[PDB]
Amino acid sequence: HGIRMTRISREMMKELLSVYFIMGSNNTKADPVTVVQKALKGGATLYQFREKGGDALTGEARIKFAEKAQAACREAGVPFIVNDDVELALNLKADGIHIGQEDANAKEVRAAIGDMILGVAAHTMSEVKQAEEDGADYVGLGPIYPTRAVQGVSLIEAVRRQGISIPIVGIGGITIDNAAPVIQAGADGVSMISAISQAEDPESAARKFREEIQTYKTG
C-alpha cells in the first residue's frame, strides 16, 4: 500500500473491511501499540487510529503514538486509517481517513485528501446515498449492537435491497459471537474495538474473527 494515484476499487476496499480493528490508548489496559501489533499479527485487515475523549493522548504524545501504530501497520502490510483528524492523516501520509456526520463535510475532506481511502459513518439511507456522491470509498453503518440508537442489521439490509453496492463495514458492539449476521445481512466486514482491544489474547481474538468472517463471506 503506497501513495494512491487512483481511487481504491470496491473489490479491494471490500477485502480490507473484513476484520477492521479500531483503537485508541484508552480502549485497553495493556500497552496500546503492543495490542495493535497483536491484532495485526492475528489477521486484522485494516486498522483505524482513533484517539479521543477522556484518557486520550494529546499534542506530541498523540502524534508519536500514531507513528508507532502506523509503523506496525507497515510491517504487517495492512492499511493505516486515521479517524476525524484530516490534518494528521495527510501529515503521516496515512492510507485513509474516517469521518462521521458531525465531522468535517465529506466533500471538503475528499478534495483535501486526493485519492486516499475515505470512510463515512452512515445511520440512514439518506446519509448513505449522500456519502456515496460525496466520494466516500466505504461507509460504517450502525450502531448495530449496544448514545446513537442501535439498529441491528436493518439499514444494512435496506441498503442492499435498493441495489446499492457501496462497500459496507458494520460497527457497534460486535463480538465474535454476533458478527456473522452482520455479514449475512450483506456487510463486507465488521468493526470492533473492545472485542479485541480488551481480549486477554488480542492476537487469537483477531485470528478468530479472520476465520469466521472469511467463512461467512464465502457462504
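The term rigid core refers to the most C-alpha atoms you can superpose between the two forms while keeping them within 1.5 Å. Residue positions are given as counts along the sequence shown, with the first one as 1.
Each structure in 4 other deposited structures of this protein is fitted to the shown form on the rigid core, and of 168 to 176 and 147 to 155 the C-alphas lie farther away on average for 147 to 155. Deposited sequence between residue 146 and residue 147: 4 to 9 residues lack coordinates.
Taking the mean C-alpha B-factor of each stretch as recorded, 49 to 57 and 169 to 177 are not equal, and the higher mean is that of 49 to 57. When 135 to 143 is weighed against 104 to 112, 104 to 112 comes out higher, by mean CA B-factor as recorded in the entry. Of the candidates 160, 62, 68, 38, the deposited coordinates give 160 the top C-alpha B factor. When all modelled residues of the chain are sorted by CA temperature factor, residue 117 is found within the middle third. In this PDB entry, residue 150 carries a Cα temperature factor that places it within the highest third of its chain's modelled residues. The PDB entry assigns residue 23 a C-alpha temperature factor belonging to the lowest third of its chain's modelled residues. When the modelled residues of the chain are ordered by their C-alpha B factor, residue 185 lands in the middle third. When the modelled residues of the chain are ordered by C-alpha B-factor, residue 193 sits in the lowest third.
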